[PDB]
$ cat work.txt   # compact mmCIF, N, CA and C atoms and all ligand atoms
# COMPACT_ATOMS: atom_id res chain seq x y z
N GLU O 1 140.16 125.34 84.79
CA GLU O 1 140.19 126.13 86.02
C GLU O 1 138.82 126.22 86.67
N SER O 2 137.77 126.41 85.86
CA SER O 2 136.42 126.45 86.40
C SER O 2 136.04 125.12 87.03
N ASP O 3 136.41 124.01 86.37
CA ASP O 3 136.15 122.69 86.93
C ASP O 3 136.85 122.50 88.26
N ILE O 4 138.11 122.93 88.35
CA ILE O 4 138.85 122.80 89.61
C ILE O 4 138.20 123.64 90.70
N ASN O 5 137.80 124.87 90.37
CA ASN O 5 137.15 125.72 91.36
C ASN O 5 135.86 125.09 91.86
N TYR O 6 135.03 124.59 90.95
CA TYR O 6 133.76 123.98 91.34
C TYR O 6 133.98 122.74 92.19
N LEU O 7 134.94 121.90 91.81
CA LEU O 7 135.16 120.67 92.56
C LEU O 7 135.82 120.93 93.91
N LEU O 8 136.61 122.01 94.03
CA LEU O 8 137.16 122.34 95.33
C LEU O 8 136.10 122.96 96.23
N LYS O 9 135.16 123.71 95.66
CA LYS O 9 134.04 124.19 96.45
C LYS O 9 133.18 123.03 96.94
N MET O 10 132.96 122.04 96.08
CA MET O 10 132.16 120.88 96.48
C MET O 10 132.90 120.01 97.48
N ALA O 11 134.22 119.89 97.33
CA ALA O 11 135.02 119.09 98.25
C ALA O 11 135.23 119.76 99.59
N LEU O 12 134.84 121.02 99.74
CA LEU O 12 134.94 121.70 101.02
C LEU O 12 133.77 121.39 101.93
N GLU O 13 132.77 120.64 101.45
CA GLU O 13 131.63 120.27 102.27
C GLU O 13 131.37 118.77 102.22
N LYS O 14 131.69 118.14 101.10
CA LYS O 14 131.47 116.71 100.94
C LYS O 14 132.67 115.87 101.35
N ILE O 15 133.81 116.48 101.61
CA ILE O 15 135.00 115.78 102.07
C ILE O 15 135.38 116.19 103.49
N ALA O 16 135.23 117.48 103.81
CA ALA O 16 135.52 117.94 105.16
C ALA O 16 134.54 117.39 106.18
N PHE O 17 133.39 116.88 105.74
CA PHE O 17 132.41 116.29 106.65
C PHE O 17 132.67 114.82 106.93
N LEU O 18 133.47 114.15 106.11
CA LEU O 18 133.67 112.71 106.29
C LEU O 18 134.27 112.34 107.64
N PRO O 19 135.29 113.03 108.17
CA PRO O 19 135.72 112.72 109.54
C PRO O 19 134.62 112.91 110.57
N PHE O 20 133.78 113.93 110.40
CA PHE O 20 132.61 114.10 111.23
C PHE O 20 131.57 113.03 110.88
N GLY O 21 130.58 112.88 111.74
CA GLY O 21 129.64 111.79 111.58
C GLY O 21 130.24 110.50 112.09
N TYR O 22 131.29 110.04 111.40
CA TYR O 22 132.10 108.94 111.90
C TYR O 22 132.58 109.24 113.32
N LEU O 23 133.20 110.40 113.49
CA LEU O 23 133.68 110.84 114.80
C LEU O 23 132.55 110.87 115.82
N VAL O 24 131.43 111.51 115.47
CA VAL O 24 130.37 111.75 116.44
C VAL O 24 129.78 110.44 116.92
N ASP O 25 129.41 109.56 116.00
CA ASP O 25 128.79 108.32 116.44
C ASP O 25 129.79 107.36 117.04
N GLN O 26 131.08 107.46 116.70
CA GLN O 26 132.07 106.67 117.42
C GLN O 26 132.13 107.09 118.88
N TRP O 27 132.14 108.40 119.13
CA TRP O 27 132.14 108.88 120.51
C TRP O 27 130.88 108.43 121.24
N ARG O 28 129.73 108.51 120.58
CA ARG O 28 128.49 108.14 121.26
C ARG O 28 128.40 106.64 121.52
N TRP O 29 128.88 105.82 120.58
CA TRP O 29 128.95 104.38 120.83
C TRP O 29 129.87 104.08 122.01
N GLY O 30 131.01 104.76 122.08
CA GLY O 30 131.89 104.57 123.22
C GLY O 30 131.24 104.96 124.53
N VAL O 31 130.49 106.06 124.53
CA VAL O 31 129.80 106.50 125.74
C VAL O 31 128.75 105.48 126.16
N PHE O 32 127.97 104.98 125.21
CA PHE O 32 126.93 104.01 125.54
C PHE O 32 127.52 102.70 126.03
N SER O 33 128.65 102.27 125.45
CA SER O 33 129.25 101.00 125.82
C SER O 33 129.83 100.99 127.22
N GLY O 34 130.02 102.15 127.84
CA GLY O 34 130.72 102.24 129.10
C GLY O 34 132.21 102.40 128.97
N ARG O 35 132.76 102.32 127.75
CA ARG O 35 134.17 102.60 127.55
C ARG O 35 134.52 104.04 127.86
N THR O 36 133.54 104.94 127.83
CA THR O 36 133.75 106.35 128.14
C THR O 36 132.89 106.71 129.35
N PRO O 37 133.45 106.68 130.56
CA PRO O 37 132.69 107.07 131.74
C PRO O 37 132.49 108.57 131.77
N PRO O 38 131.63 109.08 132.66
CA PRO O 38 131.42 110.53 132.73
C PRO O 38 132.68 111.32 133.03
N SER O 39 133.74 110.67 133.50
CA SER O 39 135.01 111.32 133.76
C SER O 39 135.91 111.36 132.54
N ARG O 40 135.45 110.87 131.39
CA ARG O 40 136.25 110.83 130.18
C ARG O 40 135.47 111.28 128.95
N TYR O 41 134.43 112.09 129.14
CA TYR O 41 133.65 112.58 128.00
C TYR O 41 134.50 113.47 127.10
N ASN O 42 135.01 114.57 127.66
CA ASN O 42 135.80 115.51 126.87
C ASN O 42 137.09 114.87 126.38
N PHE O 43 137.71 114.03 127.20
CA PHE O 43 138.97 113.41 126.83
C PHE O 43 138.82 112.59 125.55
N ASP O 44 137.84 111.69 125.53
CA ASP O 44 137.63 110.85 124.35
C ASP O 44 137.11 111.67 123.19
N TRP O 45 136.26 112.67 123.46
CA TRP O 45 135.76 113.51 122.38
C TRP O 45 136.89 114.21 121.65
N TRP O 46 137.80 114.84 122.38
CA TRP O 46 138.88 115.57 121.72
C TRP O 46 139.95 114.64 121.18
N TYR O 47 140.14 113.47 121.77
CA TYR O 47 141.01 112.48 121.15
C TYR O 47 140.48 112.09 119.78
N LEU O 48 139.18 111.85 119.67
CA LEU O 48 138.60 111.50 118.37
C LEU O 48 138.63 112.68 117.42
N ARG O 49 138.45 113.89 117.93
CA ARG O 49 138.46 115.07 117.08
C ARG O 49 139.84 115.31 116.47
N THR O 50 140.90 115.15 117.27
CA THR O 50 142.24 115.31 116.73
C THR O 50 142.67 114.12 115.89
N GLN W 1 137.51 91.09 142.71
CA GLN W 1 136.98 91.25 144.06
C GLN W 1 137.90 90.69 145.14
N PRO W 2 138.51 89.50 145.00
CA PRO W 2 139.52 89.09 145.99
C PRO W 2 140.69 90.05 146.08
N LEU W 3 141.10 90.66 144.96
CA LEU W 3 142.18 91.63 145.00
C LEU W 3 141.80 92.84 145.85
N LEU W 4 140.58 93.34 145.68
CA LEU W 4 140.13 94.47 146.49
C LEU W 4 139.94 94.07 147.95
N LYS W 5 139.51 92.84 148.21
CA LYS W 5 139.39 92.37 149.59
C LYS W 5 140.75 92.30 150.26
N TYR W 6 141.78 91.86 149.52
CA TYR W 6 143.12 91.77 150.08
C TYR W 6 143.64 93.15 150.49
N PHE W 7 143.43 94.16 149.65
CA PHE W 7 143.93 95.50 149.89
C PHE W 7 142.93 96.37 150.63
N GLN W 8 141.98 95.77 151.35
CA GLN W 8 140.94 96.57 152.00
C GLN W 8 141.48 97.54 153.04
N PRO W 9 142.35 97.15 153.98
CA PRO W 9 142.85 98.15 154.94
C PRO W 9 143.63 99.28 154.30
N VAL W 10 144.50 98.98 153.34
CA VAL W 10 145.31 100.04 152.74
C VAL W 10 144.44 100.96 151.89
N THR W 11 143.46 100.42 151.18
CA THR W 11 142.59 101.28 150.39
C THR W 11 141.67 102.11 151.28
N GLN W 12 141.24 101.57 152.42
CA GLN W 12 140.45 102.36 153.36
C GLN W 12 141.28 103.50 153.94
N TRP W 13 142.53 103.21 154.32
CA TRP W 13 143.40 104.26 154.83
C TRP W 13 143.68 105.31 153.77
N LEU W 14 143.89 104.88 152.52
CA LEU W 14 144.12 105.82 151.43
C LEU W 14 142.91 106.71 151.21
N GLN W 15 141.71 106.13 151.23
CA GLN W 15 140.50 106.93 151.07
C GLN W 15 140.36 107.94 152.19
N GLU W 16 140.64 107.53 153.43
CA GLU W 16 140.57 108.47 154.55
C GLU W 16 141.56 109.61 154.38
N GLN W 17 142.80 109.29 153.99
CA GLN W 17 143.81 110.33 153.83
C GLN W 17 143.45 111.28 152.70
N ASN W 18 142.93 110.76 151.59
CA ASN W 18 142.54 111.61 150.48
C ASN W 18 141.35 112.49 150.85
N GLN W 19 140.39 111.95 151.60
CA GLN W 19 139.26 112.75 152.05
C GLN W 19 139.72 113.87 152.97
N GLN W 20 140.62 113.56 153.91
CA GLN W 20 141.11 114.58 154.83
C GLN W 20 141.91 115.65 154.09
N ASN W 21 142.78 115.24 153.17
CA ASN W 21 143.53 116.19 152.36
C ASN W 21 142.65 116.89 151.33
N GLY W 22 141.45 116.39 151.07
CA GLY W 22 140.53 117.03 150.15
C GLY W 22 141.00 117.06 148.71
N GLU W 23 141.56 115.96 148.22
CA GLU W 23 142.04 115.88 146.84
C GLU W 23 140.95 115.32 145.93
N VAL W 24 141.09 115.62 144.64
CA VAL W 24 140.16 115.15 143.62
C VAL W 24 140.72 113.86 143.03
N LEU W 25 139.94 112.79 143.10
CA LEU W 25 140.34 111.53 142.49
C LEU W 25 140.33 111.65 140.97
N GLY W 26 141.22 110.90 140.34
CA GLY W 26 141.35 111.00 138.91
C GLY W 26 142.16 112.22 138.52
N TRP W 27 142.26 112.43 137.21
CA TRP W 27 143.06 113.52 136.64
C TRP W 27 142.24 114.30 135.63
N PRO W 28 141.37 115.20 136.09
CA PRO W 28 140.87 116.25 135.20
C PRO W 28 142.04 117.12 134.75
N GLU W 29 141.77 117.99 133.79
CA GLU W 29 142.82 118.73 133.10
C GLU W 29 143.81 117.75 132.47
N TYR W 30 143.27 116.81 131.69
CA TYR W 30 144.09 115.86 130.96
C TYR W 30 145.03 116.55 129.99
N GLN W 31 144.71 117.78 129.59
CA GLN W 31 145.49 118.53 128.61
C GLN W 31 146.52 119.41 129.32
N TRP W 32 147.31 118.78 130.18
CA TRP W 32 148.31 119.50 130.95
C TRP W 32 149.65 118.78 130.83
N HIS W 33 150.69 119.54 130.51
CA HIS W 33 152.04 119.01 130.44
C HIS W 33 152.98 119.92 131.21
N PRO W 34 153.96 119.36 131.92
CA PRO W 34 154.79 120.18 132.79
C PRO W 34 155.67 121.12 131.99
N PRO W 35 155.97 122.30 132.52
CA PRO W 35 156.85 123.22 131.80
C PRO W 35 158.28 122.71 131.76
N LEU W 36 158.99 123.09 130.71
CA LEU W 36 160.40 122.74 130.61
C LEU W 36 161.20 123.58 131.60
N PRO W 37 162.11 122.97 132.36
CA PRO W 37 162.93 123.75 133.30
C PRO W 37 163.76 124.79 132.57
N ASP W 38 163.96 125.93 133.23
CA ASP W 38 164.72 127.02 132.63
C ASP W 38 166.16 126.58 132.37
N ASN W 39 166.62 126.79 131.13
CA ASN W 39 167.93 126.33 130.69
C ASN W 39 168.10 124.84 130.97
N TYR W 40 167.12 124.06 130.51
CA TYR W 40 167.11 122.63 130.82
C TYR W 40 168.32 121.88 130.28
N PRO W 41 168.70 121.99 129.00
CA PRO W 41 169.78 121.12 128.50
C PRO W 41 171.10 121.32 129.21
N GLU W 42 171.34 122.48 129.82
CA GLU W 42 172.60 122.75 130.50
C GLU W 42 172.41 123.12 131.97
N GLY W 43 171.33 122.66 132.60
CA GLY W 43 171.09 122.95 133.99
C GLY W 43 170.73 121.74 134.82
N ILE W 44 171.35 120.60 134.53
CA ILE W 44 170.97 119.35 135.17
C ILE W 44 171.86 118.98 136.36
N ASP W 45 173.09 119.46 136.41
CA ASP W 45 174.00 119.12 137.51
C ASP W 45 173.91 120.14 138.64
N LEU W 46 172.69 120.39 139.11
CA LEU W 46 172.43 121.34 140.18
C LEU W 46 171.75 120.61 141.33
N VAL W 47 172.36 120.67 142.51
CA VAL W 47 171.83 119.97 143.68
C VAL W 47 170.56 120.67 144.15
N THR W 48 169.49 119.91 144.32
CA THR W 48 168.22 120.45 144.82
C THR W 48 167.59 119.49 145.83
N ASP W 49 168.40 118.95 146.73
CA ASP W 49 167.91 118.05 147.77
C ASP W 49 167.85 118.78 149.10
N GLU W 50 166.71 118.67 149.79
CA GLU W 50 166.52 119.42 151.03
C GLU W 50 167.48 118.96 152.12
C1 LIG P 1 138.50 123.32 134.05
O1 LIG P 1 138.94 124.41 133.28
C2 LIG P 1 138.28 125.63 133.54
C3 LIG P 1 138.56 126.60 132.42
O2 LIG P 1 139.86 127.11 132.56
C4 LIG P 1 138.72 126.10 134.93
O3 LIG P 1 137.94 127.20 135.33
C5 LIG P 1 138.79 128.30 135.70
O4 LIG P 1 139.18 128.18 137.05
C6 LIG P 1 140.05 129.20 137.49
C7 LIG P 1 140.58 128.84 138.85
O5 LIG P 1 139.51 128.78 139.77
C8 LIG P 1 139.29 130.53 137.44
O6 LIG P 1 140.09 131.62 137.84
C9 LIG P 1 138.85 130.79 136.01
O7 LIG P 1 138.08 131.94 135.89
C10 LIG P 1 138.02 129.62 135.51
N1 LIG P 1 137.67 129.82 134.13
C11 LIG P 1 136.41 130.05 133.69
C12 LIG P 1 136.28 130.24 132.20
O8 LIG P 1 135.44 130.10 134.43
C13 LIG P 1 138.46 124.99 135.95
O9 LIG P 1 139.08 125.24 137.18
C14 LIG P 1 138.89 123.59 135.50
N2 LIG P 1 138.25 122.61 136.33
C15 LIG P 1 138.85 121.51 136.82
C16 LIG P 1 137.97 120.62 137.67
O10 LIG P 1 140.01 121.23 136.62

$ encode --input "work.txt" --output "structure tokens" --more "lines below"
Ligand SMILES: *[C@@H]1O[C@H](CO)[C@@H](O[C@@H]2O[C@H](CO)[C@@H](O)[C@H](O)[C@H]2NC(C)=O)[C@H](O)[C@H]1NC(C)=O
Amino acid sequence: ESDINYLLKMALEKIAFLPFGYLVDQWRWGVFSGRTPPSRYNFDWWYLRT
Amino acid sequence: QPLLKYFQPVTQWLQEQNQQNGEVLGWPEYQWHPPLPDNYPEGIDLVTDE
């Protein structure tokens, strides 16, 4: 039980962050490439977030 | 570019009409979906033509 508690505490920061980072730089690469014009900043950001 | 040259009069007229009507090009508020009509599944055979 202690092992499960410790690993779930660790997995709440080392696993919940994996979608982030990937998400952030994917959005920024899209913005730089021109695939995301200034009229689609929030749209693509929240599409990637969901 | 030839496609835009072909449609030059109609696109010019459209731009003039949109400017006069004062509409916003594109679709901000991407997170918008139309409401369901009241009693939709059983309210379809109702005449609504002017
Ligand atoms: C983008 O959404 C915002 C947030 O709802 C809209 O701002 C609201 O506009 C209404 C109508 O003028 C105001 O009554 C609200 O007070 C505004 N909200 C805030 C928090 O200021 C805005 O109109 C939307 N913009 C576009 C371009 O669609």

$ interface_residues --input "work.txt" --of "chain W" --to "chain O" --cutoff "12 Å" --atoms "only C-alpha atoms" --output "list in words"
residues 24, 25, 26, 27, 28, 29, 30, 31 and 32 of chain W

$ write_last_selection --input "work.txt" --atoms "N, CA and C atoms" --output "compact mmCIF listing (two decimals), in the frame of the given file"
# COMPACT_ATOMS: atom_id res chain seq x y z
N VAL W 24 141.09 115.62 144.64
CA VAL W 24 140.16 115.15 143.62
C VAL W 24 140.72 113.86 143.03
N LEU W 25 139.94 112.79 143.10
CA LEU W 25 140.34 111.53 142.49
C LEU W 25 140.33 111.65 140.97
N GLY W 26 141.22 110.90 140.34
CA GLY W 26 141.35 111.00 138.91
C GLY W 26 142.16 112.22 138.52
N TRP W 27 142.26 112.43 137.21
CA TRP W 27 143.06 113.52 136.64
C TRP W 27 142.24 114.30 135.63
N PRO W 28 141.37 115.20 136.09
CA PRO W 28 140.87 116.25 135.20
C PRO W 28 142.04 117.12 134.75
N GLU W 29 141.77 117.99 133.79
CA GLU W 29 142.82 118.73 133.10
C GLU W 29 143.81 117.75 132.47
N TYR W 30 143.27 116.81 131.69
CA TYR W 30 144.09 115.86 130.96
C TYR W 30 145.03 116.55 129.99
N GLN W 31 144.71 117.78 129.59
CA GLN W 31 145.49 118.53 128.61
C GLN W 31 146.52 119.41 129.32
N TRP W 32 147.31 118.78 130.18
CA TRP W 32 148.31 119.50 130.95
C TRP W 32 149.65 118.78 130.83

$ atom_distance --input "work.txt" --atom1 "CA of residue 47 (chain O)" --atom2 "atom N of residue 33 (chain O)"
16.6 Å

$ atom_distance --input "work.txt" --atom1 "atom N2 of ligand LIG 1 (chain P)" --atom2 "CA of residue 40 (chain W)"
29.4 Å

$ atom_distance --input "work.txt" --atom1 "atom N of residue 31 (chain O)" --atom2 "atom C13 of ligand LIG 1 (chain P)"
23.5 Å

$ axis_aligned_box --input "work.txt" --around "ligand LIG 1 (chain P)" --padding-each-side "5 Å" --output "lines of an AutoDock Vina configuration file"
center_x = 138.0
center_y = 126.3
center_z = 136.0
size_x = 15.1
size_y = 21.3
size_z = 17.6
